[PDB]
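# need coordinates for the following:
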Amino acid sequence: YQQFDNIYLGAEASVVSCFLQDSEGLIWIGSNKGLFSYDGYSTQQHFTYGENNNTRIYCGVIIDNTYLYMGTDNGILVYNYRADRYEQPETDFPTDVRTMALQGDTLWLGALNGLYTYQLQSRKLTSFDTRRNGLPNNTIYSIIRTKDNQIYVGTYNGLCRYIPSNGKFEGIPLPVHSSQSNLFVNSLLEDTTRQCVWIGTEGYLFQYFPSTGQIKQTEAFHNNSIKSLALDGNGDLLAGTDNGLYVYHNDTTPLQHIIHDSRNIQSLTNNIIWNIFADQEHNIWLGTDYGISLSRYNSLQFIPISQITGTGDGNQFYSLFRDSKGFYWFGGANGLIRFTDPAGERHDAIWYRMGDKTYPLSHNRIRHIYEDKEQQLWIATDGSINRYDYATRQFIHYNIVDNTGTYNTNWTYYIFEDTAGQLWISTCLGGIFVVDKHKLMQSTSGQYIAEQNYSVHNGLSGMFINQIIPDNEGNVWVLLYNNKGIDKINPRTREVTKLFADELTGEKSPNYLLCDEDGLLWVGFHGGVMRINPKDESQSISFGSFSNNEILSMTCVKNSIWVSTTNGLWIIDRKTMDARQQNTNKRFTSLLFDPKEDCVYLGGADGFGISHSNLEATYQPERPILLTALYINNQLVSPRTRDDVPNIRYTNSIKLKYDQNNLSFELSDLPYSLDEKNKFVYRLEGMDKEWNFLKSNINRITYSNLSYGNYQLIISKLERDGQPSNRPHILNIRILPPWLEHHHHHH
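Residues are numbered from 1 along each chain as shown. See the structure here:
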């Protein structure tokens, strides 16, 4: 938290008391003069001077996914952010609202002179006081609602909890201080992980634990006041005070104390922090007595599987693959998911697994995915091998046996096709089978007797074999479970030969195998890898103090090989074998390099990561482009001031008047998290014959003197190879001729 990007609203609106982020990402700011928004590039006010809405905002909450409810001297402003209109409900709200908290469909309202509930359907306003309900005081400064559906209320003179069984309030006996003549509870935060409620008062930061009743005094800030609380992306507690920001990690870690430097423009804007907010990308917004200080969060993108199909089911990913047709195939402990646009909005995901009514599999446990020489897709599972039928969108299961018993294919670990149309199948218990691919495909039944089998009776060091990998000169190399060295099969002569058993033994017992694009084998063991020329050689490196280990997954990425490990991730150059370790604390059991989109998928527990081929640095998620301001004849226009203009943010098509033909436009992909802004191009179909390029600091498109007719403004993000996007934001624009005025847009 050494640096900030500071944002200001104007000389009048120096004081920021709260933030909200709408479901679609736009940040809203409550200021001493009213509501603003900020789109990453500039601020925008949503209030007119002198009006009831040109007022100080104390607090805020989003209702019905369309309204901002704001606390105010004169009660509650309801702003419809989609309509861009103030829509006042008939209710006579109490005045001096300081804090709001949603509980189901009932809004708690804390005010300078009462506690209330507002039922959003019936609009029933119910009041709670000292005499009738046992509140310690009628002046409410904070209310929160915990995940276990309890309601905490912090007043001018103490903290309490609601007892719904009987309408009363139960005190939580925070210490009473000699220096104090009343007990301000200013701020309250639930902490799921530490399982407490944080409490901010004058001088003291408490941790209340519901589980046992304990009230821990975590810090004592002599002559400070704690005004705000939040948890950051690292799980750390952030405390806003009247003398800067304090950060808490744990009892043995020193606090961080961050304060304004009047000589440094990147320092915390001001030492009085009225509100902290963690936005949905974990960036920290600080609201102060002079401006906003944004602390950007900085990370890989990690996509939980619910984003692909949600569905909150789990999966531990062990095989990741992209087929020639484009489909992503992510399989593991709990079946195999097919989908497109890793993210991307829509995925039309299908999840194949044991027992699904529509999309079944012989077994959930996926061990390998593979596309063959004819673009046909095979998976290896603990219910034998399956082939996909893209036509039916269903898998076809096969049973394979050797000419005798047992030796079957139920537990298939690895699969590939050779250059002579045969399918190579590695197995647990059953050795390696080689099968005519077309004749198993053409098979009626059973149960198919394999053409050959490699055993241990006539070759092989064991029958418990993970990977089997082929050679630039035709040989098949076999990785074996709990064995010394690797076996090489010569499929012409059938000569099996154990090799490198001198080195790959004991605490170097091998457990991973891959061939790279140059023909060389890479073997993974506990604490290192070894590179083999299969013919004209026969060599090793190590990770050092770590050790323990071990190797969860390996894949080639350009002239590197990425190795994923219990500890972390290692990138090893393929020529020098020099290794470098990276830095989340996530462990990854799966790796796929996608050379087309130049990125690497990292598969793991209930999700997957994405990073560029050069992990320097982050893989930014795709962000839709918003229009965030329309100007006609240079004035900024919107439904709030005009019956004849729509909310540009939620408009695809617009009909303007003959003389509403000098237009400006402001664009944003909400770059709050970014150091550098993204670049854009833009064109006006019906006028421009080519793309126009915007300087990155400039997000205003402007067109003058348009004749009547139809146009399309198309905006596109410059993709990371200089090329425009093929998913632009498109605004249809029609300028109406003088005699068709009446089709001007209305309401």
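# burial of the spatially closest residue to residue 146 that is not a sequence neighbour, as a residue count?
Among residues not flanking residue 146 along the chain, residue 190 sits closest, at 5.1 Å (Cβ to Cβ, 6 or more residues apart in numbering). Where C-beta positions appear, they are placed from N, C-alpha and C, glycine not excepted. Neighbour count for residue 190, taken as other Cβ atoms under 10 Å: 19.
# please apply the same query to the one 4 residues further on.
In terms of burial, residue 194 registers 17 neighbours under the definition other Cβ under 10 Å.
# and it, what helix or strand is that in?
Using DSSP states H and E, residue 194 sits in no helix or strand.
# hmm, back to that, contacting residues around the helix or strand where the residue nearest to residue 146 lies?
Using DSSP H and E, residue 190 falls within strand 185-191. Under the criterion Cβ atoms under 8 Å, 6 or more residues apart in numbering, residues 141-144, 146-147, 152, 154-155, 158-159, 174, 196-202, 207, 225-231, 237, 240 lie in contact with strand 185-191.
# selection in ChimeraX covering whichever of these are buried, please.
ChimeraX command restricting those to the buried ones, with burial defined by 16 or more other Cβ atoms under 10 Å:
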select :141,142,143,144,152,154,155,158,159,174,196,197,198,199,200,201,202,207,225,226,227,228,229,230,231,237,240
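# among the contacts of strand 185-191, which are located in strands?
Cross-referencing these against strands under DSSP state E gives 141-144, 152, 154-155, 158-159, 196-202, 207, 225-231, 237, 240.
# quick check: the gap between residue 420 and residue 492.
Counting by Cβ to Cβ, to the nearest Å, the gap from residue 420 to residue 492 is 10 Å.
# the strand holding residue 190 to strand 237-241, inter-axis angle?
Taking axes from the mean of the first three to the mean of the last three Cα atoms, to 10 degrees, one finds strand 185-191 and strand 237-241 inclined to each other by 170 degrees.
# run me through the strand neighbours of strand 185-191, direction for each.
strand 196-208 (antiparallel) (DSSP bridges).
# relative orientation of the partner strand and strand 151-155 in degrees?
Going by the same axes, to 10 degrees, strand 196-208 makes 50 degrees with strand 151-155.
# CA atoms of strand 196-208 as CSV?
C-alpha atoms of strand 196-208 as CSV (Å, rounded to 0.1, in the frame of the first residue of the first chain):
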residue,chain,number,x,y,z
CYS,A,196,-15.7,-12.4,14.1
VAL,A,197,-17.3,-9.1,14.0
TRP,A,198,-14.8,-6.2,13.9
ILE,A,199,-15.9,-3.2,15.9
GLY,A,200,-14.5,0.3,15.5
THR,A,201,-14.9,2.8,18.3
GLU,A,202,-13.1,5.8,19.8
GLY,A,203,-9.6,4.5,20.6
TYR,A,204,-10.2,0.8,20.3
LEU,A,205,-10.6,-1.8,17.6
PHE,A,206,-12.4,-4.9,18.9
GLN,A,207,-13.0,-8.4,17.7
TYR,A,208,-16.3,-9.9,18.8
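# that one versus strand 140-145: what angle between them?
130 degrees.
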